[PDB]
Amino acid sequence: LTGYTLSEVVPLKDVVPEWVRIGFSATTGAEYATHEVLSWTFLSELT
Amino acid sequence: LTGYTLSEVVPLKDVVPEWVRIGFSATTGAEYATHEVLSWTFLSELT
Amino acid sequence: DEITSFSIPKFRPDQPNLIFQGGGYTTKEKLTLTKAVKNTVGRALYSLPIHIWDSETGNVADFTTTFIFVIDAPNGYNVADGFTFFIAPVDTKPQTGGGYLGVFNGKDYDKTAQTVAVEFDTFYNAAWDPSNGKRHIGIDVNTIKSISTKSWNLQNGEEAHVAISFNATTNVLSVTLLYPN
Amino acid sequence: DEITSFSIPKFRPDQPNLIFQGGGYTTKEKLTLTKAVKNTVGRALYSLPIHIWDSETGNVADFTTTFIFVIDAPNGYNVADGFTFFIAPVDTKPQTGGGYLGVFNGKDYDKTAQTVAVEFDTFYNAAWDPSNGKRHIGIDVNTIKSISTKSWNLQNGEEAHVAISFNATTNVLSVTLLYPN
Ligand SMILES: *[C@H]1O[C@H](CO)[C@@H](O)[C@H](O)[C@H]1NC(C)=O
Ligand SMILES: *[C@H]1O[C@H](CO)[C@@H](O)[C@H](O)[C@H]1NC(C)=O
Ligand SMILES: OC[C@H]1O[C@H](O)[C@H](O)[C@@H](O)[C@@H]1O
Ligand SMILES: OC[C@H]1O[C@H](O)[C@H](O)[C@@H](O)[C@@H]1O
Ligand SMILES: [Ca+2]
Ligand SMILES: [Ca+2]
Ligand SMILES: [Mn+2]
Ligand SMILES: [Mn+2]
Numbered sequence: 183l184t185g186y187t188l189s190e191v192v193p194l195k196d197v198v199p200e201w202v203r204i205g206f207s208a209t210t211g212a213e214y215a216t217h218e219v220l221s222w223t224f225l226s227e228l229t
Numbered sequence: 183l184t185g186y187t188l189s190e191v192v193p194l195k196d197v198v199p200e201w202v203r204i205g206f207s208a209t210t211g212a213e214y215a216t217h218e219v220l221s222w223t224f225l226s227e228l229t
Numbered sequence: 002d003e004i005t006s007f008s009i010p011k012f013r014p015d016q017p018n019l020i021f022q023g024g025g026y027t028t029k030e031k032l033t034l035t036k037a038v039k040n041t042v043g044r045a046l047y048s049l050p051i052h053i054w055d056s057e058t059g060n061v062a063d064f065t066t067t068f069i070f071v072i073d074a075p076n077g078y079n080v081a082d083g084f085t086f087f088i089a090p091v092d093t094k095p096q097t098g099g100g101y102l103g104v105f106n107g108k109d110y111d112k113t114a115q116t117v118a119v120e121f122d123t124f125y126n127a128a129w130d131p132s133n134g135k136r137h138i139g140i141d142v143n144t145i146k147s148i149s150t151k152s153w154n155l156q157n158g159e160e161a162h163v164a165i166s167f168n169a170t171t172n173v174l175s176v177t178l179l180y181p182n
Numbered sequence: 002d003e004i005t006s007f008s009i010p011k012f013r014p015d016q017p018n019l020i021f022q023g024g025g026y027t028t029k030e031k032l033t034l035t036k037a038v039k040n041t042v043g044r045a046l047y048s049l050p051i052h053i054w055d056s057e058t059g060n061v062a063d064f065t066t067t068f069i070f071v072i073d074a075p076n077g078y079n080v081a082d083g084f085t086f087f088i089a090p091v092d093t094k095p096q097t098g099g100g101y102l103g104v105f106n107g108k109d110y111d112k113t114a115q116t117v118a119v120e121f122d123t124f125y126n127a128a129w130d131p132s133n134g135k136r137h138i139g140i141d142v143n144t145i146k147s148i149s150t151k152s153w154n155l156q157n158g159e160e161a162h163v164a165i166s167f168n169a170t171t172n173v174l175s176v177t178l179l180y181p182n
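Residue numbers (the authors' numbering), protein chains in the order written: chain D, 183 to 229; chain B, 183 to 229; chain A, 2 to 182; chain C, 2 to 182.
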């Protein structure tokens, strides 16, 4: 069990539009690899 | 605290596609009236 | 595939997550499907497709929806035609209006156009509605002729909680309606 | 309280609730964005637009996503360019690619890129990647030069569950990747 974790404030209201999309974006270039995702959950709340 | 209640057997699987859409309709003809929806939750579990 | 839910406490002028069709537009707080105005249909559909059942496995989801709606008619006597929560194939359009509530076109079991609906019917269509001609709520499946109904006293201008659930293990669909009282 | 969630345990070719872009597709189980092949771009988005803040009250949304993802490079020593989770305007489509991960263009702060991403970065770009040149997790906002960075050792072909979440009160993002070993 090794694990990495990064953290940071980022003032989303300042930066992104009222409504979003999420997804993944993955790319090869000169060198390359398989980039695949096995499963996905997502929850959000809004008071 | 007048309440109405109703249930019934509906073979959903045999009636509806694997993937659907939910929604409201309201309609007027000769006689009419306003139809508004105020708030709406939905939750589905497919285990 | 497993778990979709949302909840929407107010409707806001633009709703990127809702597909309107017909006269359906969202006012400041409400969603108006219809104006006190002859001959319209309005439909609003959750934007997200939703996987109700899976051939892969065979299991059907069970789901629970909840709304408040209001039916506000100028004259408590001459009102029509009704309101309806529906589950339809992924890109339905308004079906025949008036009596068919933009969800059906026939008094006949039409396997083809493949939708089920819970209908809060407020106008007697001598042709198919229950005949004592009382308003009613109904579960409709491939017909505008409900496989079943309760008679139901309308309360103009007043809010109704409605809860709908389907238990996937017995295919029972149940609707409940409530007024403050 | 306005809420919205889903969860997808498994994928399948036909998936009406996702929007593939570039090479993106679902096999019978994987959601695969790039095959081991050069100069490509995979992008998946959740169909449904998401409300993250609202300008009537000003509040921002607490949220969390979670996904298990495997990167598999048929070379051990030779892998690029990265994988990325990112939130974006409603109508976003792909951007400059390879080492830009099909999501950003410029390398200087671009405001008009209304979009935030979290990257897992399998290739060193001396143009902007951390001088030390180690593979890194990083938080990106409007340029591929990350606001923050974190060395991480890729385990090839390894299932790596990850959580990313955001506190609306403290307004902090954070990421966690984990391997079984
Ligand atoms: C359908 O399933 C339960 C499980 O025991 C059953 O008892 C009841 O009729 C329904 N309840 C659910 C799961 O909503
Ligand atoms: C957000 O969540 C916790 C939950 O209690 C709270 O104590 C605090 O305000 C926030 N903390 C973070 C993750 O910054
Ligand atoms: O609106 C009252 C009635 O008007 C017309 O007769 C329409 O044919 C019918 O659909 C509706 O029920
Ligand atoms: O994959 C390594 C490199 O591939 C190509 O050279 C791309 O131009 C570059 O962006 C990427 O970093
Ligand atoms: Ca009727
Ligand atoms: Ca890189
Ligand atoms: Mn009827
Ligand atoms: Mn980088």
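We treat Cβ as the ideally placed atom computed from N, Cα and C, and that holds for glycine.
| field | Listed by chain order, chain D residues near residue 132 of chain C by CB distance under 8 Å | value | Numbered from its first residue, the fourth sequence carries residue 132 of chain C at position 131. The contacting residues do not exist; residue 132 of chain C stays about 18 Å from chain D at best.
| message | Can you give me the C-alpha to C-alpha distance between residue 88 of chain C and residue 23 of chain C, rounded to a whole angstrom? | response | Counted from its first residue, the fourth sequence places residue 88 of chain C at position 87. Counted from its first residue, the fourth sequence places residue 23 of chain C at position 22. Approximately 17 Å between the Cα atoms of the pair.
| message | Taking its Cβ as the centre, do 16 or more other Cβ atoms sit within 10 Å of residue 146 of chain A, making it buried, or is it exposed? | response | Along the third sequence, one-based indexing puts residue 146 of chain A at 145. Answer is buried; the Cβ neighbour count reaches 16.
| query | Hey, is residue 184 of chain C's beta-carbon within less than 9 Å of any beta-carbon in chain A? | reply | Beyond the ends of chain C as shown, which are 2 and 182, falls residue 184 of chain C; an answer cannot be given.
| Touch check for the segment 205-223 of chain D and the segment 109-129 of chain A: three-plus C-beta pairs under 8 Å? | no
| field | Selection from C:19, C:58, C:85 that minimises the alpha carbon distance to residue 165 of chain C | value | For the purposes of this step, residue 165 of chain C is taken as the residue at position 164 of the fourth sequence. It is C:85 whose Cα lies nearest to the Cα of residue 165 of chain C.
| query | Closest Cβ-Cβ distance between residue 91 of chain A and chain C: below 9 Å? | reply | To locate residue 91 of chain A, count along the third sequence from 1; it is residue 90. Residue 91 of chain A counts as touching chain C.
| query | Does at least one heavy atom of ligand 6 sit under 8 Å from the Cβ of residue 125 of chain C? | reply | Here residue 125 of chain C refers to the residue found at position 124 of the fourth sequence. Flag set: Cβ of residue 125 of chain C near ligand 6.
| query | Hey, out of D:229, D:228, D:217, D:227, whose CA is closest to residue 71 of chain C's CA? | reply | As a position in the fourth sequence, residue 71 of chain C is number 70, starting the count at 1. The shortest C-alpha separation from residue 71 of chain C is found at D:217.
| What residues from the segment 74-86 of chain A come within 8 Å of chain B, judged by C-beta to C-beta, listed N to C? | 74, 75, 79, 80, 81, 82, 83, 84, 85, 86
| request: Please confirm if residue 106 of chain A has its CB atom under 9 Å from at least one CB of chain B. | output: One-based indexing of the third sequence puts residue 106 of chain A at position 105. Judged by the 9 Å Cβ criterion, residue 106 of chain A is not in contact with chain B.
| task | Consider the C-beta atom of residue 118 of chain A and the heavy atoms of ligand 3; say whether any pair is separated by less than 8 Å. | result | To locate residue 118 of chain A, count along the third sequence from 1; it is residue 117. Result no, Cβ not under 8 Å from ligand 3.
| field | Where residue 18 of chain C meets chain D, residues with beta-carbon distance less than 7 Å | value | Position 17 of the fourth sequence, counted from the first residue, corresponds to residue 18 of chain C. Chain D residues near residue 18 of chain C: none, gap ~10 Å exceeds 7 Å.
| query | So with Cβ pairs under 9 Å, would you call residue 36 of chain A a contact of chain B? | reply | As a first step, residue 36 of chain A is located in the third sequence; it is residue number 35 there, counting from the start. Answer yes: the Cβ-Cβ gap between residue 36 of chain A and chain B drops below 9 Å somewhere.
| said: Please report whether the beta-carbon of residue 15 of chain C lies at a distance below 9 Å from any beta-carbon of chain D. | reply: Residue mapping note: residue 15 of chain C aligns to position 14 of the fourth sequence, counting from 1. Judged by the 9 Å Cβ criterion, residue 15 of chain C is not in contact with chain D.
| query | At a Cβ threshold of 9 Å, is residue 186 of chain C touching chain D? | reply | In this structure chain C extends from 2 to 182, so residue 186 of chain C is not present and cannot be described.
| message | So that I know if they touch, is there some Cβ in chain D lying closer than 9 Å to that of residue 180 of chain C? | response | Position 179 of the fourth sequence, counted from the first residue, corresponds to residue 180 of chain C. Yes, its Cβ sits closer than 9 Å to a Cβ of chain D.
| Contact between the segment 58-66 of chain C and the segment 160-180 of chain C (3+ Cβ pairs under 8 Å) | yes
| message | Do residue 200 of chain D and residue 6 of chain C have their beta-carbon atoms positioned less than 9 Å apart in this structure? | response | For the purposes of this step, residue 6 of chain C is taken as the residue at position 5 of the fourth sequence. For the purposes of this step, residue 200 of chain D is taken as the residue at position 18 of the first sequence. No; because the gap between Cβ atoms is not below 9 Å, this pair is not in contact.
| Bounding residues of the alpha helix (DSSP H) (the contiguous stretch that carries residue 197 of chain D) | What you label residue 197 of chain D is simply residue 15 of the first sequence in a count that begins at 1. It spans 194-197 - the alpha helix (DSSP H) in which residue 197 of chain D sits, taken as one unbroken run.
| query | Do you know how far the Cα of residue 175 of chain A is from the Cα of residue 185 of chain B? | reply | To locate residue 185 of chain B, count along the second sequence from 1; it is residue 3. To locate residue 175 of chain A, count along the third sequence from 1; it is residue 174. For residue 185 of chain B and residue 175 of chain A, the distance between alpha carbons rounds to 13 Å.
| query | Does residue 49 of chain A have its Cβ less than 9 Å from a Cβ in chain C? | reply | The sequence position of residue 49 of chain A within the third sequence is 48, counting from 1. For residue 49 of chain A, the answer is yes, since a Cβ of chain C falls inside 9 Å of its Cβ.
| task | Say yes only if the C-beta of residue 210 of chain D is nearer than 8 Å to one or more non-hydrogen atoms of ligand 4, and no if none qualify. | result | Start at 1 with the first residue of the first sequence, and residue 210 of chain D comes out as number 28. Yes, since a heavy atom of ligand 4 falls inside the 8 Å radius drawn around the Cβ of residue 210 of chain D.
| request: Alpha carbon to alpha carbon, how far is residue 2 of chain C from residue 129 of chain A? Give it in angstroms, no decimals. | output: Taking the third sequence and counting its residues from 1, one reaches residue 129 of chain A at position 128. Taking the fourth sequence and counting its residues from 1, one reaches residue 2 of chain C at position 1. Straight-line Cα distance between these residues: approximately 41 Å.
| said: Can you determine whether any heavy atom of ligand 4 sits closer than 8 Å to the C-beta of residue 40 of chain C, and answer yes or no? | reply: Residue 40 of chain C sits at position 39 when you count from the first residue of the fourth sequence. Residue 40 of chain C Cβ: within cutoff of ligand 4.
| query | At which residue ranges does the segment 84-161 of chain A contain complete beta strand (DSSP E) runs of 3 or more residues, listed in the order of the chain? | reply | Counting only runs that start and end inside the segment 84-161 of chain A, the beta strand (DSSP E) elements of at least 3 residues fall at 117-122, 137-142, 149-152.
| query | Considering only residues of the same chain and omitting the five flanking positions on each side of residue 35 of chain A, which have a CB-CB separation below 7 Å? | reply | By one-based count along the third sequence, residue 35 of chain A stands at place 34. Same-chain partners within the cutoff: 24, 41, 43.
| said: Could you tell me which whole beta strand (DSSP E) segments of length 3 or greater appear in the segment 8-51 of chain A? | reply: Counting only runs that start and end inside the segment 8-51 of chain A, the beta strand (DSSP E) elements of at least 3 residues fall at 19-23, 32-35, 42-47.
| Just how far apart, CA to CA, sit residue 47 of chain A and residue 66 of chain A? | Position 46 of the third sequence, counted from the first residue, corresponds to residue 47 of chain A. Position 65 of the third sequence, counted from the first residue, corresponds to residue 66 of chain A. Distance between the alpha carbons of residue 47 of chain A and residue 66 of chain A is about 12 Å.
| request: My understanding is that residue 141 of chain A touches residue 118 of chain A, with C-beta atoms under 8 Å, so please give their C-beta distance in whole angstroms. | output: Taking the first residue of the third sequence as position 1, residue 141 of chain A is located at position 140. Taking the first residue of the third sequence as position 1, residue 118 of chain A is located at position 117. Confirmed, about 5 Å.
| query | Relative to the C-alpha of residue 143 of chain C, which residue among C:18, C:104, C:152 is closest? | reply | On the fourth sequence, position 142 is the one that residue 143 of chain C refers to. Residue 143 of chain C has its Cα closest to that of C:104, out of C:18, C:104, C:152.
| Selection from C:90, C:75, C:101 that minimises the alpha carbon distance to residue 113 of chain C | Along the fourth sequence, one-based indexing puts residue 113 of chain C at 112. Checking every option, the nearest Cα to that of residue 113 of chain C belongs to C:90.
| message | Can you tell me whether residue 194 of chain C is buried or exposed? The criterion is at least 16 other CB atoms within 10 Å of its CB, across all chains shown. | response | An answer regarding residue 194 of chain C cannot be provided, because it is not within the stretch 2 to 182 covered by chain C.
| said: Comparing C-alpha positions only, which one of D:215, D:229, D:228 sits nearest to residue 158 of chain C? | reply: Here the question's residue 158 of chain C lines up with position 157 in the fourth sequence. It is D:215.
| task | Would you decide whether residue 101 of chain A is buried or exposed? Buried here means 16 or more other CB atoms lie within 10 Å of its CB. | result | On the third sequence, residue 101 of chain A is found 100 positions in, with the first residue counted as 1. Buried.
| said: Between which residues of its own chain and residue 126 of chain A is the CB-CB distance below 6 Å, once the five residues before and five after are set aside? | reply: Start at 1 with the first residue of the third sequence, and residue 126 of chain A comes out as number 125. 100.
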